[PDB]
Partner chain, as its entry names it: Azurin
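Before any questions on binding or motion, here is one chain by itself as structure tokens, the form deposited without its partner chain.
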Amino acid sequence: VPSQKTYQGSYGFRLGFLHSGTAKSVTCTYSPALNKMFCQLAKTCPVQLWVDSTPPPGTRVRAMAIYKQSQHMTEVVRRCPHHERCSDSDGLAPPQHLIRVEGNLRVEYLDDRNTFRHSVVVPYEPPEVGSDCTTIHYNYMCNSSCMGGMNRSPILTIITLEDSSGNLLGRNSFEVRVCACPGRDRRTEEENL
């Protein structure tokens, strides 16, 4: 099971999010209280990368999903039988992968040869001039448990910064729920606090 320990490392790596609120028209919203993102299926999901020093060119950023619940944590997170079979290919992402990146032609997808786990990687790019952070647009393509089934575990996204040789530079994470009405579900989960 991949590590989920937060690790800022030598470049001072951490994540930032937009403050989008919970209006009905919102397609993507982050709960600071829950450290949890609520997303419509396949909609743009901005995640910000913040560093204290700029990692070198060739640095890469990987996203991997795991199941939070102990009884399901060794299971590979992948799309349910419905979403796997959807004609929603962008010609890059394998159809089983839950997490995609949009708007990046250098995106790379991995089926791990040893663990079988899926991940998606892009090149780390520094903030543009006069910007304080780098944004990656994720798309989540399934909530895993869309059709039911034993596994109702929350899903955690782990974001790792790695160098061009695969050395871990930094790590962070957030929970994610893909749903039709993200604003409503955020409000409801926060009420349960």
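Numbering follows the first chain given and starts at 1.
- Legend: mean Cα B-factor per stretch from the PDB entry, 63-71 versus 137-145; the higher mean is in 63-71.
- When the two stretches 147-155 and 120-128 are set side by side, the higher mean Cα temperature factor goes to 147-155.
- Sorting the modelled residues of the chain by their CA temperature factor places residue 93 in the middle third.
- Sort the chain's modelled residues by C-alpha temperature factor and residue 10 lands in the middle third, per the entry.
- Annotation for residue 32: CA B-factor lies in the lowest third of the chain's modelled residues.
- Ranked by Cα temperature factor within the chain, residue 86 sits in the highest third according to the deposited record.
- Ranked against the other modelled residues of its chain, the C-alpha B-factor of residue 80 as given in the entry falls in the middle third.
Just so you know, the form solved in complex with its partner chain exists too; it's not on screen, but the next bit is about it.
- Residues of 102-138 placing a heavy atom within 4.5 Å of its partner chain in the bound PDB entry, in sequence order: 102, 103, 104, 105.
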